[PDB]
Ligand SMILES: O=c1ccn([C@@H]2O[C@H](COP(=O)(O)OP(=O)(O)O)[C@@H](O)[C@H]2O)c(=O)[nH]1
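Have a look below at one chain only, the form solved without the named molecule, in structure tokens format.
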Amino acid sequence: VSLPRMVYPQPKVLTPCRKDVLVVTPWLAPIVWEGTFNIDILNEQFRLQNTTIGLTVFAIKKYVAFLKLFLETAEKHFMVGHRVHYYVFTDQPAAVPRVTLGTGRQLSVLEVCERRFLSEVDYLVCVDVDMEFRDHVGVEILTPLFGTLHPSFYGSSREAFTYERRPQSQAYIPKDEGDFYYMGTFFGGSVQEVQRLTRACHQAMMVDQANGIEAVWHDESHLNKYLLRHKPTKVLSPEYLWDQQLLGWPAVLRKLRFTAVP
């Protein structure tokens, strides 16, 4: 469908969008920083497709305590105006707080890549519960396949990346390979691409088990190997995954959108 008439500043062909950061990968995937996107344009494009976003979180044992703040802040900041289905995976279904949701937003509690996700959402976003949203996280992230730059490693050279370095692991990446170091959380994409990813990692991890080896950073090591060989269609800047107690608030981050809880 066509967009309506809209009034916004003209893009400036001869002005770089940012002079401080890389805003596109060498496979031409956007890297999402504040200033790169017009949110009104993007909201129109996604609303016109009647987009549903699923948000999955695991909350097991003590981690259930974090659900209240997680959901309440997602309600303020996550995909506001779009259809959202939260999927909470928990060992304690009765301890899930009753959080009031906006219209068009729903929550399922699943007691601990089901096909149920295909018929229900267009995109899946996979995060941890011990976080809170502090600023806009919206449709600018949505794409067939995305990962987020680990906040501790975005300025690192590939040699310093904590990839799995042992050739006997399926997650092995040598010193002369690697684009970015993606954090093993906050990834997502179309349901198809997310299921392909989780299926690949799950098979690689079982191969490692049979061979008596466990990757240095577990799930995250294997995510890094997957996204090296299957380039994400967007990459999110560390605005999308921050720890301000550990890392402060550098000038390169104009927004801190989704952050560790004390």
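Numbers follow the displayed sequence, beginning with 1.
The gap between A160 and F161 holds no unmodelled residues of the deposited sequence.
As recorded in the PDB entry, 86-94 is the stretch of 86-94 and 141-149 with the greater mean C-alpha temperature factor. For the segment pair 174-182 and 113-121, the entry gives 113-121 the higher mean B-factor, averaged over Cα atoms. Annotation for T73, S190, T103, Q168: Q168 ranks highest, by Cα B-factor. When the C-alpha B-factors of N211, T198, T52, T36 are read from the PDB record, the largest value belongs to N211. In this PDB entry, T233 carries a Cα temperature factor that places it within the lowest third of its chain's modelled residues. When the CA B factors of the chain's modelled residues are split into thirds, the value for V24 lands in the lowest one. Ranked by Cα temperature factor within the chain, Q203 sits in the highest third according to the deposited record.
Among the modelled residues of the chain, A59 sits in the highest third by CA temperature factor in this PDB entry.
Ranked by Cα temperature factor within the chain, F46 sits in the lowest third according to the deposited record.
The following text describes the form deposited with the named molecule bound, which does not appear among the structures shown.
Stretch 60-68 is the answer when you ask which of 37-45, 60-68, 194-202, 228-236 has residues with heavy atoms within 4.5 Å of the named molecule in the deposited complex. Note on contacts: among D179, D128, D122, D135, the single residue with a heavy atom within 4.5 Å of the named molecule in the deposited complex is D128. Looking at 205-244, no residue comes within 4.5 Å of the named molecule in the deposited complex, counting any heavy atom.
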